[PDB]
Amino acid sequence: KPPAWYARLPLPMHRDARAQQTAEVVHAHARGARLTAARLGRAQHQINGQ
Amino acid sequence: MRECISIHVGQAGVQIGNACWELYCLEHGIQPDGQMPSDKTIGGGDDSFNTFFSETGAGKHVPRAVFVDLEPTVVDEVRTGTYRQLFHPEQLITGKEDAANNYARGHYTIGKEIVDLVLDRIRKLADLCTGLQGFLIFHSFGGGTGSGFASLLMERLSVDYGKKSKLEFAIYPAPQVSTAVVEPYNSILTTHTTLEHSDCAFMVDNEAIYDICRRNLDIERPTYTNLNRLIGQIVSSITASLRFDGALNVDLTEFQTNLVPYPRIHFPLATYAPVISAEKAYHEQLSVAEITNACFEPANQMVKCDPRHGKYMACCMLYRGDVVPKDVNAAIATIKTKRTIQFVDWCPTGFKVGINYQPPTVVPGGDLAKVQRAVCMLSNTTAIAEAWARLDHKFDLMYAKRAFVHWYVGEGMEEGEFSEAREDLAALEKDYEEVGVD
Amino acid sequence: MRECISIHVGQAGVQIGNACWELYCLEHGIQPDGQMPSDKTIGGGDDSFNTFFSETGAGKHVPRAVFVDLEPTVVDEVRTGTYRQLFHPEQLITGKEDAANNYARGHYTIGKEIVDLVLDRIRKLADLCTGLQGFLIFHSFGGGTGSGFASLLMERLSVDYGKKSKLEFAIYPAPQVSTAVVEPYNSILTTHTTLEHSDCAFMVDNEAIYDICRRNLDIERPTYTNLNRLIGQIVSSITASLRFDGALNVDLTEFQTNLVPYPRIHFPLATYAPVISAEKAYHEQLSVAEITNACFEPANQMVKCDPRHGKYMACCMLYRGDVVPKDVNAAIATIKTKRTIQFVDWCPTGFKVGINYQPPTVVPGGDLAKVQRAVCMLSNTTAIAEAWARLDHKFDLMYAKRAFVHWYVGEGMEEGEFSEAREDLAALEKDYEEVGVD
Amino acid sequence: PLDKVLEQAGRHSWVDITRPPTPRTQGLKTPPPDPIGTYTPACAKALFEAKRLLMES
Amino acid sequence: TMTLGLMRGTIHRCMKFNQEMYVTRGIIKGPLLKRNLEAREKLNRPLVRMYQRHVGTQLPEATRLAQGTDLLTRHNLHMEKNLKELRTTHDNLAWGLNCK
Amino acid sequence: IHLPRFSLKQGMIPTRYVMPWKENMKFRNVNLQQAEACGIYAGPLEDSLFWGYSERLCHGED
Ligand SMILES: Nc1nc2c(ncn2[C@@H]2O[C@H](COP(=O)(O)OP(=O)(O)OP(=O)(O)O)[C@@H](O)[C@H]2O)c(=O)[nH]1
Ligand SMILES: Nc1nc2c(ncn2[C@@H]2O[C@H](COP(=O)(O)OP(=O)(O)OP(=O)(O)O)[C@@H](O)[C@H]2O)c(=O)[nH]1
């Protein structure tokens, strides 16, 4: 298995690779959003509780 | 809306479409004039015909297909025939030269001046289309000429249309009959040029077609009339879900989704169970159990690939006519209880049913019986590893003795491409090996 | 009222006007006698013809044109043919000698002694007319005698009237076919004269007219009769706005204000979509979408240039027949959003639309079809630069080797103007490419 | 599923405002107060004021 | 004569070095069919915009796209320039052969 | 004087764009606040990322 994946430049199939490179960056923010949503929601919860 | 387009390349690929449109025109009341009876069904092209005929204001059903070829003989013949007034005037594109079976010749020497015109035709059809689910490409792997043009035009329509489905039917190499010496070469070229763009490919072995013919249609001298009529009925079955209604309806998108497990390997097989004649039908009975067993019979397949040598993973049953889910599911349960059938541990279930109430059709001068319950068995199985093994251990010999290559090098290609093709085939075969491993 | 005045010059440009009137008579029912039927259309001369004919008290239609030519042959033929009563006798002015393709001989030896007569004629028509929006000039850049004579005529018109626009047409130099070697010379002279006094100049080429004829009209052996019939249909379409009415109306003043963006470059190209053979139109379909696709299709344009290399500036289009704004806007939106069609950021939009209800009319015995949706397309593009790119590189060689310079100096001109002609042309190319650069 | 997300987030004693911040329960701490991330200071203030008010509660 | 035979192999390799990169242009410049393009979740994917939401900076995908297209165009130009020289040199050698 | 400055011409960018962070009406005042908080941009009262089949930089028309 001779490695060759270093830099070159031609990209015959590149659209989908970049599209999925958008996937982790779109997900991470949703994860952070659900974290902070959790903390604020529980705060509201026992606030209304008392 | 719901419509597709038909592409026919190669004088192999012409009479097949000829018989196909014969069946189509028979079934949708289409006459050799091109105009219906005095019944009111003419308009802007919005009814059952709307999927393959654009019967515009001229009242003439205009088929949504294109016939191309490189030699004028067959196309001028079908111009002299009976259906030419139906066929669109210049939807018949013809060159004046052959390709010497040379895929490289038909892809590089001559293809550079016909692809433009055919692209113009394709766009002027797709614009009047509205839904454009897909194309139906008919070429031949062992094509005397239909190799290089099929490859190149398929590539270019891929790079201009990036999402829609592609259905490609081919005649496979005959494993024990060679009517063309460089056929394995053309086959390997087509494979490693098309797999990365081809969407859904079906093969078929005409030797096994004839074997079926003289097994149960008990004629010792069948002909291309018969050989084309059978596959025409097959395609009628596959587009029945669009033509008529049913309890449940399936589409080519569902076909590709649930029929291909992984990328790359996308080569299923077909079978028509009720291939039976007038007298056997007339004094023998029909029902779900025997039609199912007949379609899963190990020998009635049109490709030499013994299931016991292979292994199954996917099955699409298509029942056309009157039929009931009760015995449908009962019979599929019986087949699962059968132990000879082998479904890999990957798939506990791989079965998709599709029901149409409308029964299929006979044709005047037909060779078929009067069918009521019909089934397409469309299955994907691992049984085609031997198919590529036989052709690779054929091809390696001719390359190690480098016979006939002077023709190709003279027309203007080179050999590193053959090297890449050979290693690609090796990779595919080993992939078959690991997927066979459970 | 909404009238113009026409001038034809050259045994190049006289038969084209002949065909023009052969077309223009029917749609007013102008019998070759020249007199209207028992229908009460005659009077002071007020009806649709009022823009071309002065049907004055004699009850006869008199065209508002003048034919100026230097050789009695063809003019005497046509005035001895059938339409002699229809034409005004001394509106036909004829000399006895030629310029033998020499611009300068015809511009200095013969021009001085017929210009008085022709100016007298144009004044005597200008007095009797009332509005006189403009003129219809026909000559040829390959002018064997029309070229220099018409250049001088156009100079005198520019200096006598300065209060209206002028329309110039030209059967253009064939880029790779050359019937004359004096062609580069007289073409360069006529161009670098016209550019600064030609108001709106149009070019067409006849090789591509042949190509159209045997691509879609399919006629393998046409003639000038067919070629000029096509050109006459074109000009009839462009002036149908003046001729009849419609939902919205357009005028040549709007043509100028909406086609030319800036000074100089005012050289669009025309195209006509629905040219087709009888049976083709008979059993195929026509509508706005496909006719627009065909009109923008690169190869239908009768001047050899590649829009794919080019980039568009503006686009006027005239729809003649029966049409509605809904389909209009839908189709034009799709074409705007098309990808291959490159539009410059300096134009957000570039589309000037025209609708008129009167279908075009075919000449009896004609060759086109009975169309109900005609369209003429007038586009400005950067694709025109190729012609000059070829012409300059022909001229520099043949003029640095300076053959025929003896011929030209033998009557009084020499190479000064030959230098400034190529230099004005060079200014032309540089400005074209500069404005093409965004 | 808020309930399952918060429990599988690691830290069990979320402080819940009321409950004392158990020094070892804090595992995954929030990203820093920044205007672009999911930790804008508008909530950073609010959690504090709510916490102290609930302290007097 | 032997060199003339040598030439054609490089000719074939170089000529093949153009078709696939035109293909690459086509496959990086979308379909040139807006009308069916959206089935691949048109660039600005609904999920992507709804991600944007509050926005605060966006995707660099257009920048990388233009970068790749530009590189493809540059190498296109270089290869075409060398190509145009090739045939003229070849046929001058051929005419020399004929004279000899 | 400032002038507009876009990128080159493409075929994949749509003619229009919305900017939901400036097109949401309910959370308007709060997002106005964090606009300055991040210090990214308000600038002209009128801009669009996708004017027509092309795009420009973050700094709106300046
Ligand atoms: N599709 C189709 N194939 C056929 C038919 N009859 C025979 N064949 C097989 O199809 C193959 C035809 O390939 P070719 O003869 O090369 O056809 P081609 O490449 O289009 O060009 P030609 O050689 O000029 O005909 C043969 O090997 C036959 O075995 C038929 O009627 N229809
Ligand atoms: N305008 C026009 N041009 C034509 C026609 N037919 C051919 N042509 C081309 O137009 C050119 C005619 O120009 P010239 O030959 O210089 O005509 P001229 O200047 O009036 O004088 P001559 O030298 O006697 O013909 C020819 O080269 C033809 O190629 C036609 O019917 N109308």
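Please refer to the structure higher up on the page.
Residues numbered from 1 in each chain as written, not as in the entry; some residues may be left out. Chains lettered and ligands numbered in written order. Part of a larger assembly, values for the part shown. Heavy atoms only, no water.

1. Quick notes on the overall build of chain A
- Broken down by element type, chain A carries 1 helix and 0 strands.
- Taken over C-alpha atoms, the radius of gyration comes to 21 Å for chain A, far larger than the 10 Å a tight globule of 50 residues would show.
- Total accessible area on chain A is roughly 4,100 Å²; 62% of this is exposed by carbon and sulfur atoms. (Helix = DSSP H or I, 4+ residues; strand = E, 2+ residues; numbered from the N terminus. Rg over C-alpha atoms; globule rule 2.2 N^0.38 Å. Areas by Shrake-Rupley, 256 points an atom, 1.4 Å probe, with all protein chains shown as cover.)

2. So, the overall build of chain E
- Assigned secondary structure in chain E consists of 4 helices and 0 strands.
- A compact globule built from 100 residues would reach a C-alpha radius of gyration of about 13 Å, whereas chain E, at 22 Å, exceeds it by more than 25%.
- Taking the principal axes of the C-alpha coordinates as reference, chain E spans close to 80 × 25 × 15 Å.
- Of note, chain E has its 18 positive side-chain charges centred 2 Å away from the centre of its 8 negative side-chain charges. (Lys, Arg positive; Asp, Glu negative; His and termini not counted. Charge placed at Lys NZ, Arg CZ, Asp CG, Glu CD.)

3. Structural notes on the site of ligand 1
Residue and element names in this part refer to chain B.
- In the vicinity of ligand 1, 16 residues are found, and the nearest of them are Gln11, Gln15, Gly144, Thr145 and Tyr224.
- The separation between an oxygen atom of ligand 1 and a polar side-chain atom of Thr179 is 3.4 Å.
- Protein coverage of the free-state accessible area of ligand 1, which is 640 Å², stands at 78%.
- For the shell around ligand 1, the secondary-structure elements that each account for two or more residues are α1 (12-27) and α8 (224-243).
- Considering every element that reaches the shell around ligand 1, the biggest residue donor is α1, with 4 residues.
- Here the residues of the shell around ligand 1 are counted per class, giving 3 nonpolar, 12 polar and 1 charged. (Near = heavy atom within 4 Å. Polar contact = N/O pair within 3.5 Å; in protein donor to acceptor, adjacent residues only side chain to side chain. Nonpolar A, V, L, I, M, F, W, Y, C, P; charged D, E, K, R; others polar.)

4. Some thoughts on the interface of chain B and chain E
- Listed per partner, the contact involves 17 residues of chain B and 15 residues of chain E.
- Buried area between chain B and chain E, summed over both chains or domains, comes out near 1,200 Å², and the portion from carbon and sulfur atoms is 57%.
- For chain B, the biggest contributors to the area lost against chain E are B:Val159, B:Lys163 and B:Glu414; these three give 38% of the whole.
- At the boundary of chain B with chain E, the tally comes to 3 residue pairs in polar contact. (Contact = heavy atoms within 4.5 Å. Buried area = accessible area lost by both parts, 1.4 Å probe.)

5. Here we look at helix α6 (residues 183-194) of chain C
Residue and element names in this part refer to chain C.
- The terminal C-alpha atoms of α6 lie 16 Å apart, and with 12 residues this matches the ideal 16 Å at 1.5 Å per residue to within 8%.
- Of all 12 residues in α6, 12 are buried, a share of seventy percent or more.
- Taken together, the buried positions of α6 are occupied by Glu183, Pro184, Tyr185, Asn186, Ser187, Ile188, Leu189, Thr190, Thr191, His192, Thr193 and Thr194.
- Where α6 is buried, its residues meet α3 (103-110), α5 (146-160), α13 (385-400), α14 (405-409) and α15 (416-436). (Expected span 1.5 Å × (residues − 1). Buried < 20%, exposed > 50% of the residue type's maximum accessible area, 1.4 Å probe, protein only.)

6. A few points about the sheet that holds strand β3 (residues 92-94) of chain B
Residues and elements named next belong to chain B.
- Here 6 strands make up an open sheet; going across it, the order is β3-β2-β1-β4-β5-β6 and the pairing parallel. Of all strands in the sheet, those with a lone pairing partner are β3 and β6 (200-202), marking the two edges. Each strand axis lies, on average, 15 degrees off the axis of its neighbour in the sheet, ignoring direction.
- Across 3 bridges, strand β5 (residues 165-169) lies against β6 in parallel orientation. (Pairing = 2+ DSSP bridges. Axes fitted to C-alpha atoms, helices over the stretch in contact; angles between N-to-C directions.)

7. Concerning the packing of aromatic side chains
- Counted according to the given criterion, the structure contains 36 aromatic pairs over all chains.
- Seen in terms of ring centroids, B:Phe138 and B:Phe169 are 5.4 Å apart; in terms of plane orientation they differ by 35 degrees. Their pairing is tilted. Residue B:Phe138 is located in strand β4 (residues 134-138), and its partner B:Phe169 is located in strand β5; the two are separated by 31 residues in the primary sequence.
- An angle of 90 degrees between the planes, with centres 5.4 Å apart, marks the rings of C:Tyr185 and C:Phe395 as edge-to-face. One end of the pair, C:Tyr185, is in helix α6; the other, C:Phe395, is in helix α13, and 210 residues separate them in sequence. For the pair C:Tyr185 and C:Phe395, a shared accessibility class is recorded, and that class is buried.
- Each member of the aromatic cluster is reached from another via a ring pair, and the members are B:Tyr185, B:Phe395, B:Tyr399, B:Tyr408 and B:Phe418.
- The ring of B:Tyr210 carries the charged tip of B:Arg214 above its face, separated from the ring centre by 5.6 Å.
- The aromatic ring of C:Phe351 is capped on one face by C:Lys336, whose charged end is 5.3 Å from the ring centroid. (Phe/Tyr/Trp six-rings, centres within 6.5 Å; stacked < 30°, edge-to-face > 60°. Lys NZ or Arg CZ within 6 Å of the ring centre and 35° of its normal.)

8. Regarding the site of ligand 2
Residue and element names in this part refer to chain C.
- If you check the shell around ligand 2, you find 19 residues, and the closest are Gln11, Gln15, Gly144, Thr145 and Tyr224.
- Here an oxygen atom of ligand 2 and a backbone polar atom of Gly143 are 3.4 Å apart.
- At 3.1 Å, a side-chain N or O of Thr179 approaches an oxygen atom of ligand 2.
- Protein chains bury 80% of the 650 Å² of accessible surface belonging to ligand 2 in isolation.

9. What to know about the environment of C:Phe395
All names here are of chain C.
- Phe395 sits in the buried class, given a relative accessible area of 6%.
- Each C-alpha atom, one on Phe395 and one on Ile188, is 8.5 Å from the other, the two residues being 207 residues apart in sequence.
- Those residues in contact with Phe395 that sit more than four places away from it in its chain are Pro184, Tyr185, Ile188, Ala400 and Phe418.

10. Some remarks on the sheet that holds strand β9 (residues 351-356) of chain C
Residue and element names in this part refer to chain C.
- Reading across the sheet, the 4 strands line up as β7-β10-β8-β9 and stay open at both edges, with mixed pairing between neighbours. Lying at the two open borders of the sheet, with one neighbouring strand each, are β7 (269-272) and β9. Across this sheet, the average inter-strand angle for adjacent strands is 15 degrees, counted without regard to direction.
- Across 6 bridges, the pairing between strand β8 (residues 312-321) and β9 is parallel. Note on β9: the bridge partner recorded for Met317 is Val353.
- Lying over the sheet, helix α8 (residues 224-243) contacts β7, β8, β9 and β10 (373-381), oriented at roughly 75 degrees with respect to β8.

11. A short note on the packing of α13(C) against α15(C)
Residue and element names in this part refer to chain C.
- Viewed as axis vectors pointing N to C, α13 and α15 meet at an angle of 155 degrees, and their least axial separation amounts to 11 Å. It follows that α13 is roughly antiparallel to α15 by the angle criterion. The handedness of the crossing between α13 and α15 is left-handed. Facing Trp388, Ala389, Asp392, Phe395 and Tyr399 of α13, the residues of α15 in contact are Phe418, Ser419, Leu425, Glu429 and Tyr432. (Parallel < 35°, antiparallel > 145°, perpendicular 65-115°, else oblique. Left-handed = near helix turned anticlockwise from the far one by under 90°.)

12. Examining the pattern of salt bridges
- For the coordinates displayed, the defined rule picks out 28 salt bridges over all chains.
- Linking B:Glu90 and C:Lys280 is a salt bridge whose minimum nitrogen-to-oxygen distance equals 3.2 Å. On the criterion of chain membership, the pair formed by B:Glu90 in the loop between α2 (72-80) and β3 and C:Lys280 in helix α10 (residues 278-283) is interchain, its members lying in two chains.
- Classification of B:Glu90 as partly exposed rests on a relative accessible area of 30%.
- Overall, C:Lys280 belongs to the buried group, its relative accessible area being 6%.
- When salt bridges with common partners are traced through the structure, they connect B:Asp205, B:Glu207, B:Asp211, B:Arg214 and B:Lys304 into a single cluster. (Salt bridge = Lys/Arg side-chain N within 4 Å of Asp/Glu carboxyl O.)

13. Examining helix α4 (residues 115-128) of chain C
Residue and element names in this part refer to chain C.
- The end-to-end C-alpha distance of α4, which contains 14 residues, comes to 20 Å, matching closely the 20 Å that a straight helix rising 1.5 Å per residue would cover.
- Along α4, the positions that sit buried rather than exposed are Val115, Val118, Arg121, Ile122 and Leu125. Along the axis of α4, the buried residues cluster in a sector spanning 130 degrees; they form a single face. Set apart from the buried face of α4 by more than 90 degrees, the exposed residues are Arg123 and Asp127.
- Looking at the buried residues of α4, the elements they touch are β1 (4-9), β2 (65-69) and α5. (Arc of directions from axis to C-beta.)

14. Focus: a nonpolar patch on the surface
- There is a patch of nonpolar side chains on the surface, built from B:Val181, B:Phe404 and B:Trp407 and spanning about 380 Å² of accessible area.
- Considering the arrangement of structural elements, one finds B:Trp407 in helix α14 (residues 405-411). (Patch = residues over 30% accessible without salt bridge, like charges linked within 9 Å, V, L, I, M, F, W, Y side chains within 5 Å.)

15. A short note on the nonpolar core
- Grouped together as the largest cluster of nonpolar side chains are 42 residues, with contacts concentrated most on C:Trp21, C:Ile30, C:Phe53, C:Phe169 and C:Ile238.
- If near-sequence neighbours (up to four positions away) are discounted, C:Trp21 is found in contact with C:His8, C:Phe52, C:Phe53, C:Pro63, C:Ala65, C:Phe67 and C:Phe87.
- Counting residues in each nonpolar core, the second largest holds 36 residues, with B:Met36, B:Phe67, B:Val235 and B:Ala314 among its members. (Core = buried A, V, L, I, M, F, W, Y, C linked by side-chain atoms within 4.5 Å.)

16. Comments concerning unusual backbone geometry
- Despite not being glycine, C:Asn101 shows a phi value in the positive range, around 70 degrees.
- You can see C:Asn101 is positioned in the loop between β3 (92-94) and α3.
- Judged by relative accessible area, C:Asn101 falls into the partly exposed class, the value being 29%.
- Of note, the phi angle at D:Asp16 is positive, near 50 degrees, even though the residue is not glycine.
- Along the chain, D:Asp16 falls in the loop between α1 (2-8) and α2 (41-56).
- What makes D:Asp16 buried here is its relative accessible area of 13%.

Purely spatial values, then, with no claim about function.
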